Amino acid sequence: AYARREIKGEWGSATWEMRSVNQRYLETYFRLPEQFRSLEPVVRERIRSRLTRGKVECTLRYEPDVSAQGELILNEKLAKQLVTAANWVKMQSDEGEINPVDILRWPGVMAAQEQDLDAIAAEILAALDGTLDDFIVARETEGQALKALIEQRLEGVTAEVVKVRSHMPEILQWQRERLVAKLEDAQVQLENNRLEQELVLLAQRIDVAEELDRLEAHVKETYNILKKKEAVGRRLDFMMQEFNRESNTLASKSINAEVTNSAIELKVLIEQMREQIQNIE
Amino acid sequence: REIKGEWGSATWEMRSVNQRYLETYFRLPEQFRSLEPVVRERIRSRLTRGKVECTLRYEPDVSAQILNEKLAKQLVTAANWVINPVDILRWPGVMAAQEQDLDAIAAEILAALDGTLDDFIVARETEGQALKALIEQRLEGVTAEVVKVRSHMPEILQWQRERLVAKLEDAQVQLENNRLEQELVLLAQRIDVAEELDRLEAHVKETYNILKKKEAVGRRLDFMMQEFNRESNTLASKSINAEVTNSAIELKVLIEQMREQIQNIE
Amino acid sequence: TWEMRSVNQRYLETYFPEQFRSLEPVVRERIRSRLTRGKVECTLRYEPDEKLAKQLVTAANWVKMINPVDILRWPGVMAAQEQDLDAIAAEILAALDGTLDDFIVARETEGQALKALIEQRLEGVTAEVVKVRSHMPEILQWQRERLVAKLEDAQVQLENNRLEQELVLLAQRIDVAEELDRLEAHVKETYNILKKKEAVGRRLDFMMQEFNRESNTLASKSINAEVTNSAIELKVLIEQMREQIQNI
Amino acid sequence: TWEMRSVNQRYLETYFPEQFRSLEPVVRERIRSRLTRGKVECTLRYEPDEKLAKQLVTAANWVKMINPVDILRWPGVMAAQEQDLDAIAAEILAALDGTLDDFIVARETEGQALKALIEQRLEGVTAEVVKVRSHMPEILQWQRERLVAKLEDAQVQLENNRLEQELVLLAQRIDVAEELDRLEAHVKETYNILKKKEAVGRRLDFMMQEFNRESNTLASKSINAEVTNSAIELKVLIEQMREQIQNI
Amino acid sequence: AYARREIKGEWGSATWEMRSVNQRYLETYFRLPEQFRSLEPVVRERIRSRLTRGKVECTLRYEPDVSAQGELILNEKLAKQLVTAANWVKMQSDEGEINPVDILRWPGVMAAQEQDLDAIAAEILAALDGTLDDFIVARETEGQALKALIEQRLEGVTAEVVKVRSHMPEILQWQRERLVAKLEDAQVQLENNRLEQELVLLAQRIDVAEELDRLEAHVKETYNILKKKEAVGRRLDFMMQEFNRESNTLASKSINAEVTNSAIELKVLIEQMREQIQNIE
Amino acid sequence: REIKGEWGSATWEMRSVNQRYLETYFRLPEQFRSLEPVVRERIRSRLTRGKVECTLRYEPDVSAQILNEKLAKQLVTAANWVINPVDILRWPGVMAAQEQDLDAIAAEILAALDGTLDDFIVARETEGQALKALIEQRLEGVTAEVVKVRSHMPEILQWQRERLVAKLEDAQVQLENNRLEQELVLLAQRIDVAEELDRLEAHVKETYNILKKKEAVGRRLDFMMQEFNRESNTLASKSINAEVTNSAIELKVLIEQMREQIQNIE
């Protein structure tokens, strides 16, 4: 998701910025200020410890409060040998004045009285963790929504399985009545005892009993994966394939309009789920 | 949608390409980085599929744009005990100028996104209106080829019975292989010639009502699209006559054209 | 003081005081000469412990035929420097190699470490393999007891020559020995791949795909929750391995 | 006008007017999104067809409580520019993609071309393979006629059961059918490798090593100048192939 | 090798610099001036057409003759709106003078009257090829030396083969006299007719006749490879391995001190050659 | 070797690491780029093996260091019709200063390379003097182990004859395999026990005179070094007694220590 926090201390104001995008692995980038490039390893690990996946861009922005630094700290000794060097010229050259503003714009004469960066970073680090709290909270929140609507599709799945278990007896008699009706057009004498073994070992497979158990087993297993705190929902995308393998198993074996037209909604449910699982840790 | 306000004019531009799922990314500026999720939520709430290209930049106004009084004062003092003001000026910290007020500018900016999403939705419904038409066009052609087979059906029940009998007669003199090979093949296949015709006419019915909904029907079609072909090839490999062999081709051909016009469907 | 401050990636794309801009190619070459890949950010920490003026008089006249504020600090007074830069820079290059010692060791550290946690998942696969062999006998038994139970409610009278035929053609449906044998060989094969000193960061990635093709082969094969429930852990284990192999 | 001015190498490490420094990340991303590897040097050709001044008066007094030569040209008069930079830069990004079209085609051109000249050496190997099968029969004959000729000057009296044994154990020494069969299969295998649209620039390099192990196997096997003379051309052909495959 | 040529024309002086180092493939780098970055492809190909291997660094150095350019070309129009902008300030600010030197240091006011770069590069390209001539000549020259001393080792090789063909008859009788002498210590009865077939099929192999022919065939083939103008001496390094395979074949089969001590010089000759072949195209 | 002249002092530093072949590369500066081959030829002419690290830099002297009269003149003129001279000064083309004269400085520089090559050659002869000693040390130990086997030789001719007889007696009752397996094995191997001793004593002789030459003997040793071991393992796999088995070990052990002290030899 996203989060930022301004701080504003005795030295200046600071602002953290974290954002997260769908990535397969965990990756992080850091565009920090220049005073704190010695902190980057601590922050990186502090992230990996609380995140496991996602491309995350973490940024800190430093606004220095010049009113409190004071800067200056005149190297009075160097300025003087700048003054004397200015004098040995002003005399030999026999011309010219001596601007002090120029004498100031020497690299080593005006060192900015840097502020307790060890105290500035000490309060920043306290704010880095404070944002991760606000960041993870933003990510769990969003997680609570998908969990519900994924479990929502699961209930829609259950509505689709039992609806199929219900039409199997009605369909398998119609295939018995259809297949046999040709044997009379074939004029062939009624096998009777040889028919039954053929009608059985033809209904199985062709009748959906096995995978419905699997799909129902998948639904049970799906719920607990969403209800664990451990190695999160990356495996869900895998289950959606197993869900799908039992779905398509039903597609190329189904013998009735009524079973197939409902079996599409399944494929719809899987994909609806397959979209919201890409947002799961 | 261009807006021009009190501090300058901005311009939005949204695009869509084509993806199986919904995934938006935003390359907004950096002066305007606190809205990316707000925009994200307001966009994702209205769409279901497609890779979407969102927003460019607001060109800042200069005529609508803070010197350091205290620091400049202590700089002269350090400088005199040791005078252009312009040099005293081109120091990083004396001017700078914060000049922030995005909390008033963005409110008029954000109001246009829903206005922009309409123009995105309007553009895709527009593009959508054509596909609805030409998909229903292949269907009428489908239906025309459906009854054309339905008309030749009686000859098939006479010609396919004689095929089945040919299997029962060849198996006469032939040893007893069992009933499975000669019968489950020549019975499961004869019942189909008429059977999928019932399905296909039903597929056509089921296809049309799917098209008149306000929900997400892009995969529901593709699922149906596989169903069309599986009953089609079932009919293809049962080809005993020229007209049936040639008709199942037009069928399969009609199916595929859809598999591109459905590729643009959300 | 040298500081390497970078993770691991590919090529290497190295990154790099005002007195030492003449070393940047030298350092670049001396680093890449010893290591493979990865983006490296290199920063150092330097904290210290004329003739033209004669030719300047000439400038004052030819412009008139003047001011110290302009010509005040000259670059060439600070280029040739004041401290023997050719002797001070000498300890720097000698210490850079000294950090590289600790840099490679730092990379071997996790490298030897990632090796350890990859070997963790490898054992678990075998644990998931043998866990599969554990639920198999009851399955060929419950599917057998099921298949027979279905024919008797149907009361279809029994013929042994055909009885066995479904009992086999289901036993060869449910059978998962082939992929277990392949997979049991895969875990074995990885360890010796893990025991080479060479360029094996692709050889591992190939192996992880072998797992996925055999994981998916067995996943798309058997009949039970327990088998599919085991088939989840495999890809979970695979991806866990694949997250750490992309860094080699 | 865009200009790409770079050869082929790996990663890609892209390189890049004063009004357009705000595009450098945008261009970087839009290029790498479409291509594989190689060092690319990108240059463009741009040829064109206040409020602060008010806050400046303030500066003149607080320093005294002054000069146009200093504040003369201000940056912010030239930053916001004078021409609509937001509309002119728009044709540039649209044309960059236009050059990329011609850039990929330029790389496919040689890519389709290197493919051709690699296929040249491939045919020659087969020509060197069949050229080997050509000198074989006389060799099993001249070594046979030699071996027998050596036993008769020595006058060693002949035994057929042992005669054949050297005639075989030399015939299986001189034999080079195995590596020719392997090699004849190699050339066949390369062409279909050459007919894929994917990441085959390693698959080729593997094949060229297969050649060298079989080249060296046959080189280190037979007995004749003609065989060794043929074994030279192989590695010559291999290296010739390997010079052009390192660019894929 | 190496070559450079100064030019000095009506516009300034120019200097090419090429150097070549032992590389397996052909590679080239170009550090050109800034006025001629539009020439780099022509030069690259102009090199590949004349070179086949070697890492080559090609450099051009431009020394502009400021005396002939003249520069200036005052944008009198822009300078005036610089003057007026300077005036609208000088008046409002109520202070200050107007330096023209500052008005000059505007990017667009002083455009250096660039010189016919299309005429400068036209004479440079004529000098680029002139150096390649001097470069390749430097490389052939050096080539003529290695060719001689490699063929020099070849003669030393021939001295080593015939010296071996000469001692074979003397050695093979001593191995006959040695091997048989144990059969008497073995007390075993003299095989006679069974001995001869064993003494023959033991001398071959063990006697160096086959590979000597090969080595002599290698020497013949080596000479013509050095004497072709075509696909140059890269294959020589390969032949040195074939030379070496016949050398070592002689090492582990040799039965005499006298044959082996000479067979070392062979291995010495190969390596002496194997060093000078790394400098061959 | 440090030299200090009229325009500044320079310092050479040469190093050697260790390579099988000779290959020199030079990282000299850029002010001094016209000598790299001259130095190359003068170096390569004296060495045969080794990867060699050559030369650093000359620190330029400032007290031993050209304004534009004409351009500065036409700059003032353009400037006045429209004056600090220092600004007129910090233009790229008015000062610059060529200040070249490497044709006089390098002559004293180049003269020291032969002086430096001596110090390179002196350093390696120095390092060489130790290896010559300790290689000849393993050899005396070799010789001591040579005669120790030569002393036990008679027992071997008695013990190896009984081994050969054991092969002729086992083959008695045994079917006629032929003469090759029992005889070429047990004859080619018995003749050796004494044979390589003649070679090894000769190897030692041949080794020593190789060491007293002024030419390139580094591979001549390594060739010999393989010869030592091939007669050694021939003697190793003929091990019938404890003392012979244990003696052929010290032999092989002595050989290998050399294969490191020869690794530093040119």
For peptide C:52-59, the mean count of other chain Cβ atoms within 10 Å per residue Cβ is 5
Over all directions, the stretch F:1-99 yields a Cα convex hull whose mean projected area in nm² is 9.7 nm²
Straight-line reach check, E:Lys80, cutoff 20 Å on alpha carbons, 8 or more apart in-chain or any other chain, hits among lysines -> E:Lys90
For the stretch E:94-196 the translational diffusion coefficient, Stokes-Einstein from a Kirkwood Rh over Cα pairs at 20 °C and viscosity 1.002 mPa s, in µm²/s, is roughly 90 µm²/s
Kirkwood Rh over alpha-carbon pairs of chain F plugged into Stokes-Einstein at 37 °C, 0.692 mPa s gives a D in µm²/s of 130 µm²/s
In degrees, nearest 10, the alpha-carbon axis of helix E:193-203 is tilted away from the dominant principal axis of the alpha carbons of chain E by 10 degrees
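Translational diffusion coefficient of the stretch E:152-239 at 4 °C, 1.567 mPa s, Stokes-Einstein with Kirkwood Rh over Cα pairs, in µm²/s as a whole number. Walk me through the numbers before you get to the answer.
Details: Rh = 16.1 Å.
For these conditions, the coefficient is 80 µm²/s.
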Dividing the alpha-carbon radius of gyration of the stretch C:12-169 by 2.2 N^0.38 Å, where N counts its residues, gives 2.64
If one compares the long axis through the Cα atoms of helix A:257-276 with the longest principal axis of the Cα atoms of chain A, the angle in degrees, nearest 10, works out at 10 degrees
Given the candidates A:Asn279, A:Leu172, A:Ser254, the one whose Cα lies deepest towards the positive end of the charge dipole of the stretch A:144-279, counting +1 at each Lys or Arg C-beta and -1 at each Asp or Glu C-beta, is A:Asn279
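So what's the stretch B:129-261 giving for Rg/Rh, alpha carbon basis, Kirkwood Rh from the mean inverse pair distance? Don't jump to the answer; show the numbers that get you there.
Working: Rg = 17.9 Å, Rh = 16.4 Å.
Using Cα coordinates only, the ratio equals 1.09.
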Checked against a 30 Å limit on the C-alpha separation, the offending pairs among A:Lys77/C:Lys54; D:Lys221/F:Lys167; B:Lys205/C:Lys221; C:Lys195/D:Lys196; F:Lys4/F:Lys214 are D:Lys221/F:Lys167; B:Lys205/C:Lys221; C:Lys195/D:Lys196; F:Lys4/F:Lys214
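Only four residue types carry charge here, +1 at the Cβ of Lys and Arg and -1 at the Cβ of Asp and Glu. Report the dipole size of the stretch A:152-211 about the Cα centre in Debye, rounded to the nearest 20. Please report the intermediate quantities before stating the final value.
Details: 8 positive and 12 negative charges, 25 e Å.
With only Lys, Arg, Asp and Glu charged at Cβ, the dipole is about 120 debye.
Using only the alpha carbons of the stretch F:65-132, what is the convex hull's orientation-averaged projected area in square nanometres? Intermediate results must be reported in sequence, preceding the final value.
Working: hull surface 31.5 nm².
Averaging across all directions leaves 7.9 nm² for the Cα convex hull.
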Given unit charges at Cβ for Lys, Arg (+) and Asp, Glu (-), the dipole magnitude of the protein assembly as shown about its Cα centre in debye, nearest 20, is 80 debye
DSSP beta bridges in the protein assembly as shown: the antiparallel percent, rounded to 5, is 65 percent
If one compares the long axis through the Cα atoms of helix A:210-225 with the longest principal axis of the Cα atoms of chain A, the angle in degrees, nearest 10, works out at 30 degrees
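Can you sort A:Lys228, B:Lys148 so the residue with the fewest Cβ neighbours within 10 Å comes first? Mind dumping the intermediate values first?
Numbers: A:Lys228 10, B:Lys148 13.
Ascending number of Cβ neighbours within 10 Å: A:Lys228, B:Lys148.
Of the GluC sites (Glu not before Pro) in the stretch A:8-66, which ones lie in a loop per DSSP and count no more than 11 other C-beta atoms within 10 Å?
Those that pass, being in a loop and sparsely packed, are A:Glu10, A:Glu34.
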Inter-part gap, Cα centre of the stretch D:10-66 to Cα centre of the stretch E:16-44, in whole angstrom, is 30 Å
Toy charge model, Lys and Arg Cβ at +1, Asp and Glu Cβ at -1: the stretch F:127-261 dipole around Cα centroid in debye, rounded to 20, equals 460 debye
The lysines whose Cα lies under 19 Å from the Cα of A:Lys8, excluding any fewer than 8 residues away in the same chain, are none
The answer for the net charge of residues other than A:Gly233 whose Cβ lies under 15 angstrom from its Cβ, with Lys and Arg +1 and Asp and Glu -1, is +1
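Semi-axes, largest first, in whole Å: what does sqrt of 5 times each Cα gyration tensor eigenvalue give for the stretch C:2-82? Before the final figure, lay out the partial values.
Working: eigenvalues 395, 36, 24 Å².
Each semi-axis is the square root of five times an eigenvalue, giving 44, 13, 11 Å.
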Once D:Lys195 and D:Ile139 are pulled to full extension, the length gained, defined as 0.36 nm per residue separation minus their Cα-Cα distance, is 16.3 nm
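Got a sec? How would F:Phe26, C:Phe103, C:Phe211 order by Cβ neighbour count within 10 Å, fewest to most?
F:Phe26, C:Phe103, C:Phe211
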Rounded to the nearest Å, the spacing of the alpha-carbon centers of the stretch B:22-36 and the stretch C:115-141 is 46 Å
Distribution output for the stretch F:199-266: share of Cα-Cα pairs per 5 Å bin in percent, first bin at 0, values 4, 15, 25, 24, 15, 9, 5, 2, 0
From the Cα centre of the stretch D:194-234 to that of the stretch E:210-275, the distance in Å is 22 Å
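For a quick check of your reading of the filter: which trypsin sites (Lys or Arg not before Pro) in the stretch D:142-229 sit in a DSSP loop and have no more than 14 other Cβ atoms within 10 Å? Don't jump to the answer; show the numbers that get you there.
Values: sites: D:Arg144, D:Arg146, D:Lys150, D:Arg162, D:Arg173, D:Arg182, D:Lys188, D:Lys195, D:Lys196, D:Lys197, D:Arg202, D:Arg203, D:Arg213, D:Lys221; in loops: D:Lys195, D:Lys196, D:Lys197, D:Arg202, D:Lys221.
Passing both the DSSP loop test and the Cβ count: D:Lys195, D:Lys196, D:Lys197, D:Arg202.
Based only on Cα atoms, what mean projected area does the convex hull of the protein assembly as shown have, in nm²? Intermediate values should be presented prior to the final figure.
On the way: hull surface 317.0 nm².
Average projection, Cα convex hull of the protein assembly as shown: 79.3 nm².
Provide the percentage of antiparallel DSSP beta bridges, counting only those with both residues in chain E; round to the nearest 5. Please report the intermediate quantities before stating the final value.
Values: 16 of 22 bridges.
The antiparallel proportion sits near 75 percent.
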Checked against the positive end of the charge dipole of chain E (+1 on Cβ of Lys and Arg, -1 on Cβ of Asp and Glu, about the Cα centre), the farthest of E:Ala231, E:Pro33, E:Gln92 is E:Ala231
Here, the stretch C:183-248 modelled as identical Cα point scatterers in vacuum has Debye log10 I(q)/I(0) at q = 0.26 Å⁻¹ of -1.15
Rg (one decimal) and Dmax (whole number) from the Cα set of the stretch C:113-245, in Å, equal 18.9, 66
Of all GluC sites (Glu not before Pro) in the stretch B:159-208, the ones in DSSP coil with at most 12 other Cβ atoms within 10 Å are B:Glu176
Checked against the positive end of the charge dipole of the stretch D:2-82 (+1 on Cβ of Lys and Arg, -1 on Cβ of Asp and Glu, about the Cα centre), the farthest of D:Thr14, D:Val57, D:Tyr46 is D:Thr14
Ranked on Cβ counts within 10 Å of their own Cβ, fewest leading, E:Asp133, D:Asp101 go D:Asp101, E:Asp133
Summing -39500 (n - 2.57) over every DSSP H run of at least 4 in the protein assembly as shown, dividing by its residue total and rounding to the nearest 500, the 222 nm mean residue ellipticity is -21000 deg cm²/dmol
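FYI the Cβ positions are ideal-geometry reconstructions off the backbone, even for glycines, and counts take in every protein chain you see. Each value in this text was obtained by applying a stated rule to the coordinates, not by laboratory testing.
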